[PDB]
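Pasting query.pdb here (PDB, C-alpha atoms):
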ATOM      1  CA  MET A   1     130.148  91.642  97.384
ATOM      2  CA  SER A   2     130.794  95.388  97.536
ATOM      3  CA  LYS A   3     128.116  96.332 100.067
ATOM      4  CA  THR A   4     129.858  99.701 100.344
ATOM      5  CA  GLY A   5     126.546 101.497 100.761
ATOM      6  CA  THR A   6     123.083 101.489  99.207
ATOM      7  CA  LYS A   7     121.856 104.742  97.666
ATOM      8  CA  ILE A   8     118.264 105.665  96.822
ATOM      9  CA  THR A   9     116.453 108.722  95.465
ATOM     10  CA  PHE A  10     112.838 109.886  95.653
ATOM     11  CA  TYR A  11     111.184 112.538  93.485
ATOM     12  CA  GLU A  12     107.897 114.239  94.361
ATOM     13  CA  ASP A  13     107.132 113.925  90.649
ATOM     14  CA  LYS A  14     107.642 111.218  88.024
ATOM     15  CA  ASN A  15     110.468 111.374  85.481
ATOM     16  CA  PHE A  16     112.682 112.184  88.467
ATOM     17  CA  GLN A  17     111.263 115.671  89.008
ATOM     18  CA  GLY A  18     110.101 117.811  91.916
ATOM     19  CA  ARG A  19     111.245 117.397  95.511
ATOM     20  CA  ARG A  20     114.059 114.969  94.698
ATOM     21  CA  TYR A  21     115.702 113.398  97.746
ATOM     22  CA  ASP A  22     118.975 111.465  97.641
ATOM     23  CA  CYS A  23     120.614 109.628 100.541
ATOM     24  CA  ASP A  24     122.654 106.457 101.047
ATOM     25  CA  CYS A  25     122.082 106.426 104.807
ATOM     26  CA  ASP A  26     119.114 105.221 106.859
ATOM     27  CA  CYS A  27     116.281 107.715 106.387
ATOM     28  CA  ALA A  28     113.734 106.281 108.821
ATOM     29  CA  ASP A  29     112.342 109.820 108.745
ATOM     30  CA  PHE A  30     112.993 110.807 105.130
ATOM     31  CA  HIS A  31     109.348 111.881 104.951
ATOM     32  CA  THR A  32     109.965 115.427 106.183
ATOM     33  CA  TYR A  33     111.933 115.810 102.952
ATOM     34  CA  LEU A  34     109.383 114.193 100.638
ATOM     35  CA  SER A  35     105.609 113.777 100.870
ATOM     36  CA  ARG A  36     104.900 111.857  97.664
ATOM     37  CA  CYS A  37     107.071 109.222  95.985
ATOM     38  CA  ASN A  38     106.420 109.514  92.248
ATOM     39  CA  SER A  39     109.705 108.444  90.656
ATOM     40  CA  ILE A  40     112.301 106.529  92.671
ATOM     41  CA  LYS A  41     115.836 105.473  91.745
ATOM     42  CA  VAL A  42     118.154 103.198  93.725
ATOM     43  CA  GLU A  43     121.853 103.456  92.881
ATOM     44  CA  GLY A  44     123.559 100.776  94.951
ATOM     45  CA  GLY A  45     122.133  97.633  96.503
ATOM     46  CA  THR A  46     118.496  97.356  97.553
ATOM     47  CA  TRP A  47     116.644  99.852  99.744
ATOM     48  CA  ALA A  48     113.902  99.251 102.310
ATOM     49  CA  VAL A  49     111.095 101.806 102.566
ATOM     50  CA  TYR A  50     108.309 101.893 105.151
ATOM     51  CA  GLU A  51     104.793 103.187 104.493
ATOM     52  CA  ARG A  52     104.513 105.791 107.252
ATOM     53  CA  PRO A  53     107.563 107.540 108.766
ATOM     54  CA  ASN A  54     108.612 106.579 112.294
ATOM     55  CA  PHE A  55     105.635 104.224 112.050
ATOM     56  CA  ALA A  56     107.189 101.760 109.605
ATOM     57  CA  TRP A  57     103.594 101.021 108.606
ATOM     58  CA  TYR A  58     102.799  98.933 105.529
ATOM     59  CA  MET A  59     106.282  97.575 104.833
ATOM     60  CA  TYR A  60     107.716  97.730 101.314
ATOM     61  CA  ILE A  61     111.307  97.015 100.286
ATOM     62  CA  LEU A  62     112.232  98.728  97.019
ATOM     63  CA  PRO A  63     114.472  96.652  94.713
ATOM     64  CA  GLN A  64     117.497  97.873  92.757
ATOM     65  CA  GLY A  65     117.397  99.844  89.520
ATOM     66  CA  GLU A  66     115.635 102.995  88.345
ATOM     67  CA  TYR A  67     111.972 103.960  88.686
ATOM     68  CA  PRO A  68     110.911 106.979  86.587
ATOM     69  CA  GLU A  69     107.346 106.209  87.666
ATOM     70  CA  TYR A  70     105.564 104.902  90.761
ATOM     71  CA  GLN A  71     104.347 102.116  88.477
ATOM     72  CA  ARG A  72     107.945 101.055  87.849
ATOM     73  CA  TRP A  73     107.819  99.506  91.321
ATOM     74  CA  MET A  74     104.122  98.656  91.613
ATOM     75  CA  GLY A  75     104.184 100.572  94.885
ATOM     76  CA  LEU A  76     101.218  99.497  96.996
ATOM     77  CA  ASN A  77     101.268 103.046  98.363
ATOM     78  CA  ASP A  78     102.649 106.374  97.143
ATOM     79  CA  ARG A  79     103.537 107.181 100.753
ATOM     80  CA  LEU A  80     107.283 106.584 101.042
ATOM     81  CA  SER A  81     108.968 107.385 104.358
ATOM     82  CA  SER A  82     111.030 105.477 106.922
ATOM     83  CA  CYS A  83     113.497 103.721 104.621
ATOM     84  CA  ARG A  84     116.322 101.395 105.661
ATOM     85  CA  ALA A  85     119.296 100.271 103.575
ATOM     86  CA  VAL A  86     118.831  96.699 102.352
ATOM     87  CA  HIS A  87     121.739  94.412 101.472
ATOM     88  CA  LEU A  88     120.826  91.493  99.209
ATOM     89  CA  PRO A  89     121.099  88.129 101.014
ATOM     90  CA  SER A  90     124.595  86.926 100.119
ATOM     91  CA  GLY A  91     125.920  83.538 101.189
ATOM     92  CA  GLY A  92     124.266  80.157 100.795
ATOM     93  CA  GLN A  93     121.517  81.605  98.614
ATOM     94  CA  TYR A  94     118.271  82.396 100.431
ATOM     95  CA  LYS A  95     117.446  79.807 103.092
ATOM     96  CA  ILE A  96     114.045  79.884 104.792
ATOM     97  CA  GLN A  97     112.093  77.407 106.916
ATOM     98  CA  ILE A  98     108.295  77.221 106.840
ATOM     99  CA  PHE A  99     106.160  75.507 109.479
ATOM    100  CA  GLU A 100     102.440  74.724 109.613
ATOM    101  CA  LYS A 101     101.557  74.835 113.312
ATOM    102  CA  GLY A 102     103.196  76.966 115.985
ATOM    103  CA  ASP A 103     105.980  75.809 118.292
ATOM    104  CA  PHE A 104     107.804  73.772 115.649
ATOM    105  CA  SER A 105     104.530  71.873 115.268
ATOM    106  CA  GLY A 106     102.777  70.690 112.120
ATOM    107  CA  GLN A 107     104.270  70.169 108.669
ATOM    108  CA  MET A 108     107.795  71.576 108.419
ATOM    109  CA  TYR A 109     109.372  72.456 105.072
ATOM    110  CA  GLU A 110     112.794  73.903 104.252
ATOM    111  CA  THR A 111     113.081  75.721 100.924
ATOM    112  CA  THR A 112     115.600  78.179  99.484
ATOM    113  CA  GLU A 113     113.871  79.542  96.382
ATOM    114  CA  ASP A 114     111.130  81.971  95.353
ATOM    115  CA  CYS A 115     107.528  80.861  95.864
ATOM    116  CA  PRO A 116     104.499  82.205  93.949
ATOM    117  CA  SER A 117     102.074  80.431  96.282
ATOM    118  CA  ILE A 118     103.150  79.094  99.675
ATOM    119  CA  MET A 119      99.888  77.140  99.687
ATOM    120  CA  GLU A 120      99.830  76.114  96.024
ATOM    121  CA  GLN A 121     103.336  74.768  96.632
ATOM    122  CA  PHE A 122     103.581  73.937 100.336
ATOM    123  CA  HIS A 123      99.862  74.215 101.086
ATOM    124  CA  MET A 124     100.608  76.402 104.108
ATOM    125  CA  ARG A 125      97.799  78.965 104.226
ATOM    126  CA  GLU A 126      99.444  80.405 107.339
ATOM    127  CA  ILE A 127     102.955  79.990 108.742
ATOM    128  CA  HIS A 128     102.567  79.503 112.494
ATOM    129  CA  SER A 129     106.308  78.912 112.851
ATOM    130  CA  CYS A 130     109.184  80.394 110.850
ATOM    131  CA  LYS A 131     112.804  79.264 111.153
ATOM    132  CA  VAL A 132     115.938  80.608 109.468
ATOM    133  CA  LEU A 133     116.595  84.060 108.012
ATOM    134  CA  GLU A 134     118.779  85.387 105.195
ATOM    135  CA  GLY A 135     120.439  88.781 104.872
ATOM    136  CA  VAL A 136     117.210  90.181 103.448
ATOM    137  CA  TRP A 137     113.739  88.830 102.689
ATOM    138  CA  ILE A 138     110.382  90.196 101.537
ATOM    139  CA  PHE A 139     106.936  88.797 102.329
ATOM    140  CA  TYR A 140     103.810  89.077 100.180
ATOM    141  CA  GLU A 141     100.220  89.085 101.434
ATOM    142  CA  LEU A 142      99.258  87.461  98.131
ATOM    143  CA  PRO A 143     100.667  84.635  95.967
ATOM    144  CA  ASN A 144     101.892  85.983  92.628
ATOM    145  CA  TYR A 145     104.263  88.668  93.906
ATOM    146  CA  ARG A 146     101.090  90.438  95.033
ATOM    147  CA  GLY A 147      99.876  92.135  98.200
ATOM    148  CA  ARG A 148     101.818  94.374 100.572
ATOM    149  CA  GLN A 149     105.534  93.730 101.070
ATOM    150  CA  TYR A 150     107.079  92.852 104.433
ATOM    151  CA  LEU A 151     110.690  93.461 105.460
ATOM    152  CA  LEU A 152     112.489  90.372 106.761
ATOM    153  CA  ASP A 153     113.267  90.470 110.483
ATOM    154  CA  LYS A 154     112.543  86.967 111.778
ATOM    155  CA  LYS A 155     114.523  83.765 112.320
ATOM    156  CA  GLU A 156     113.969  80.531 114.247
ATOM    157  CA  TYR A 157     110.776  82.148 115.536
ATOM    158  CA  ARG A 158     108.201  79.529 116.520
ATOM    159  CA  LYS A 159     105.055  81.608 117.020
ATOM    160  CA  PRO A 160     103.336  83.525 114.188
ATOM    161  CA  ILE A 161     103.197  86.650 116.349
ATOM    162  CA  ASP A 162     106.972  86.832 115.923
ATOM    163  CA  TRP A 163     106.412  88.052 112.365
ATOM    164  CA  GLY A 164     104.457  91.071 113.568
ATOM    165  CA  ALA A 165     101.112  90.062 112.084
ATOM    166  CA  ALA A 166      98.534  89.093 114.707
ATOM    167  CA  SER A 167      98.137  85.871 112.723
ATOM    168  CA  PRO A 168     100.314  83.873 110.291
ATOM    169  CA  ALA A 169      97.917  84.994 107.560
ATOM    170  CA  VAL A 170     100.073  84.995 104.426
ATOM    171  CA  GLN A 171     100.086  83.813 100.812
ATOM    172  CA  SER A 172     103.478  83.689  99.094
ATOM    173  CA  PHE A 173     106.920  85.281  99.367
ATOM    174  CA  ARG A 174     109.981  86.186  97.299
ATOM    175  CA  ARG A 175     113.734  86.241  97.918
ATOM    176  CA  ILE A 176     116.287  88.879  96.925
ATOM    177  CA  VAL A 177     119.404  88.652  94.756
ATOM    178  CA  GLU A 178     121.863  90.934  92.966
TER     179      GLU A 178
END

Written as structure tokens, how would this file's structure read?
Amino acid sequence: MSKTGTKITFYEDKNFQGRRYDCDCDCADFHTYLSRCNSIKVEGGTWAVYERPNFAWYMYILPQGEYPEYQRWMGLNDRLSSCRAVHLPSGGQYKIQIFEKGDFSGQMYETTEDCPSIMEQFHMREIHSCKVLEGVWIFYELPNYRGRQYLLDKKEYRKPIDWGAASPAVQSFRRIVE
């Protein structure tokens, strides 16, 4: 459990070439340094990157490891900007509560493991209520680790609007580990 500091790098060109940017601190506005994110490399814990800078648009948390190509991280968008240091969820694995209806209403399920299809497993097309929250979590608009990623920032929330999305429209999700 080092958590000394997550470091990430972004190169305007694949094979780690071009406008390479390295920083272990929060770069919510690391766009002014890089326009395109071809090859990315994270040296130390996970790193959260937002679509548009200062806008935190289309969320997308980049995992650990190296990425000599934008395809090495199936980036839904080659527009990397506002990025925040992400620290894998340590302690009691990844606990997350899923509810059917809003206001702790409907079918409530408590799971602590990855899920390819929240519906194909829990049958919850949309999570009106979401309880619990681990160090870090990523949401997926689609089932099989598909769709746009969403940085974790919820908890005991009861309403779906607490997740940011007008509606609890979601498919599946995935946890994070060292």

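Of the listed residues A:151, A:53, A:64, A:84, the one whose atoms come nearest to residue A:23 is A:84, with distances taken using all atoms listed in the file.
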
>> Given the PyMOL selection byres ((chain A and resi 62) around 6) and the file above, list the residues it selects as a PyMOL selection string.
In response: chain A and resi 47-48+61+63

>> Applying 12 Å and all atoms listed in the file, which residues near stretch 104-117 of chain A remain after dropping the ones on its own chain fewer than 6 positions away? List them as a ChimeraX atom specification.
In response: /A:89,91-98,123-134,137-147,156-160,170-177

> What is the atom CA of residue A:71 to atom CA of residue A:29 distance in Å?
Replying inline: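 Distance between the two atoms: 23.1 Å.
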
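You will find atom CA of residue A:19 at 20.7 Å from atom CA of residue A:44.
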
> Which neighbours of residue A:50 fall inside 12 Å, counting all atoms listed in the file, when residues of the same chain fewer than 6 positions from it are skipped, and could you give them as number ranges by chain?
Replying inline: A: 26-31, 37, 56-62, 75-85, 148-151

> How far is it from atom CA of residue A:136 to atom CA of residue A:65, in Å with one decimal?
Replying inline: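 Going from atom CA of residue A:136 over to atom CA of residue A:65 covers 17.0 Å.
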
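Take the candidates A:51, A:25, A:118, A:20 and check each one against residue A:39 using all atoms listed in the file; the shortest distance goes to A:20.
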
> Within 12 Å of residue A:17, counting only C-alpha atoms, which residues qualify if same-chain residues fewer than 5 places away don't, as a PyMOL selection string?
Replying inline: chain A and resi 9-12+34+36-41+67-69

Taking the file as I've supplied it (selection: the PyMOL selection byres ((chain A and resi 45) around 8)), which residues are included? Please answer as a tab-separated table (two decimals) with C-alpha atoms, in the frame of the given file.
chain	number	residue	atom	x	y	z
A	3	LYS	CA	128.12	96.33	100.07
A	5	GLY	CA	126.55	101.50	100.76
A	6	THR	CA	123.08	101.49	99.21
A	7	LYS	CA	121.86	104.74	97.67
A	42	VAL	CA	118.15	103.20	93.72
A	43	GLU	CA	121.85	103.46	92.88
A	44	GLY	CA	123.56	100.78	94.95
A	46	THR	CA	118.50	97.36	97.55
A	47	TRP	CA	116.64	99.85	99.74
A	63	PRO	CA	114.47	96.65	94.71
A	64	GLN	CA	117.50	97.87	92.76
A	86	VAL	CA	118.83	96.70	102.35
A	87	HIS	CA	121.74	94.41	101.47
A	88	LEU	CA	120.83	91.49	99.21
A	178	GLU	CA	121.86	90.93	92.97

>> Given only C-alpha atoms as the basis, pick out the residue of A:101, A:14, A:32, A:52 nearest to residue A:72.
In response: A:14

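Nearest to residue A:153 of all the residues A:135, A:35, A:2, A:166 is A:135, counting all atoms listed in the file.
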
Please put the answer as AutoDock Vina command-line options: centre and edge lengths, in Å with one decimal, of a box along x, y and z that encloses all listed atoms of stretch 67-82 of chain A plus 5 Å on each side.
--center_x 106.6 --center_y 103.0 --center_z 96.8 --size_x 20.8 --size_y 18.7 --size_z 30.3
